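Enquirer: Just dropping this structure here.
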Amino acid sequence: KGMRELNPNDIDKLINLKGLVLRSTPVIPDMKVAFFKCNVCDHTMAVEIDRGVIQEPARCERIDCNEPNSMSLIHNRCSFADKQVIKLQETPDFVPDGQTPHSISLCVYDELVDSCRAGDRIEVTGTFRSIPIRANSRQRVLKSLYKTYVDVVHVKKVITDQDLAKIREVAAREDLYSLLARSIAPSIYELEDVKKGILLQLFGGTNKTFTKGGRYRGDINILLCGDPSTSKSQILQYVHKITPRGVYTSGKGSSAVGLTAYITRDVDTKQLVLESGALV
Amino acid sequence: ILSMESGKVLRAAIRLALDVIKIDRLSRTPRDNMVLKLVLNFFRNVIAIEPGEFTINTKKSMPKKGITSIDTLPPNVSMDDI
Ligand SMILES: Nc1ncnc2c1ncn2[C@@H]1O[C@H](COP(=O)(O)OP(=O)(O)O)[C@@H](O)[C@H]1O
Ligand SMILES: [Mg+2]
Ligand SMILES: [Zn+2]
């Protein structure tokens, strides 16, 4: 379903959504089983929580001691679970006429906590729940408009021995260099040396950990300068697709600070933080 | 009493008891028996002292706050000391 097609009819039903993660709150402890201790006889009992309500006892459950209202909650002995709140923004494609994309809040508990990072495309299955909002802190009064959110039950972020036996077969091929150089950029024609140079950058040198000095890194830097119409930008895009991480920065569209890192402040936490530039 | 100088007060009371008993039975006067009774009462008092009890007025109903604690120990004294 689309984020703009959820109606009241579809409340309390299992739906499937896809979107982009925008922001996630830190871990929130959610109580599961409460712990009570009698102030008089030092008797301890555990009571369950139903619908966010503690089934507190009126008086001590022991027979000899029955002092009413003498039970107290020991905060640090109650069982707890994990809770987290995420904000999901619909994919840019779904936007009908170029407006601000809508967002829907999600809740994930236990294992699914810290499963999706900020700025990732995920597909989430959960229950489309509804819940009241209290008009003010100090009253049971409720607003007539209900808040909508999704109770997530599954999240999907959108080597075998057989493969290893297969991979080891290619390495035996005598013309492996040509095969890989021809497969890295199928479309580009008669640039075998350029392709070979590009390929060796993906593999990279060898890493060395080195005390009594500094680390030595096997990273290769390549410059492709030549006449305009030749396939330079095409190879740039082709390699940009293959690599797992990379930023397609251009000329005059990037800044000195923008490449390295930007100093900023976090509004939510009100602390000085720094972002990661294109190079970082 | 139990802590000061490793409880030598008990040793002093015992010494008084030895001084009393040293004299002969037929020569013992009522004062010696008084002193022996005093020493025995001292030992009984030392052993018997125990924490008191928490008494609370009940003129009105139990408040919904309820009893918070029933501790009835002095500031510097813990249970293991006595
Ligand atoms: N050897 C080649 N193989 C495939 N396409 C080529 C080749 N030479 C030129 N072209 C074509 O010419 C165009 C060159 O544009 P572009 O790669 O953007 O040049 P540059 O990025 O160097 O300005 C490409 O769109 C590409 O389709
Ligand atoms: Mg170019
Ligand atoms: Zn009790």
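Chain A is numbered as in Swiss-Prot, which gives 312-469, 501-622 for the residues shown.
Just so you know, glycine gets a Cβ as well, placed from its N, Cα and C.
Pasting the feature list from Swiss-Prot:
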{"type": "BINDING", "residues": "A:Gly568, A:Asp569, A:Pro570, A:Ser571, A:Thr572, A:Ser573, A:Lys574, A:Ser575", "note": "ATP binding site"}
Enquirer: Below 8 Å Cβ to Cβ and six or more residues apart, same chain only. Which residues does that give for A:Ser573 (ATP binding site)?
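Expert: Listed in sequence order: A:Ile530, A:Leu533.
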Enquirer: Could you find out if DSSP has A:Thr572 (ATP binding site) as helix, strand or coil?
Expert: coil
Enquirer: List the binding-site residues A:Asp569, A:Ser571, A:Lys574, A:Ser575 whose Cβ sits under 6 Å from any atom of ligand 2, in sequence order.
Expert: A:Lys574, A:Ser575
Enquirer: Do you know which of the binding-site residues A:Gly568, A:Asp569, A:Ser573 end up with C-beta under 6 Å from ligand 1?
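Expert: Cβ < 6 Å from ligand 1, in sequence order: A:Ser573.
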Enquirer: Ten-angstrom check, please: count other Cβ atoms within 10 Å of the Cβ of A:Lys574 (ATP binding site), all chains counted.
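Expert: I count 13 other Cβ atoms within 10 Å of it.
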Enquirer: Measure the Cβ-based neighbour count of A:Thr572 (ATP binding site), defined as the other Cβ atoms within 10 Å of its Cβ.
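Expert: Counting Cβ neighbours of A:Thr572 (ATP binding site) within 10 Å gives 13.
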Enquirer: Over all shown protein chains, what is the count of other CB atoms within 10 A of the CB belonging to A:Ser575 (ATP binding site)?
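Expert: Taking every protein chain into account, the count is 12.
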Enquirer: 10 Å Cβ neighbour count around A:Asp569 (ATP binding site)?
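Expert: There are 6 such Cβ atoms around A:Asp569 (ATP binding site).
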Enquirer: Out of A:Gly568, A:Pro570, which of the binding-site residues has the smallest number of neighbouring Cβ atoms within 10 Å?
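Expert: With the binding-site residues A:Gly568, A:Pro570, fewest surrounding Cβ atoms within 10 Å: A:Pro570.
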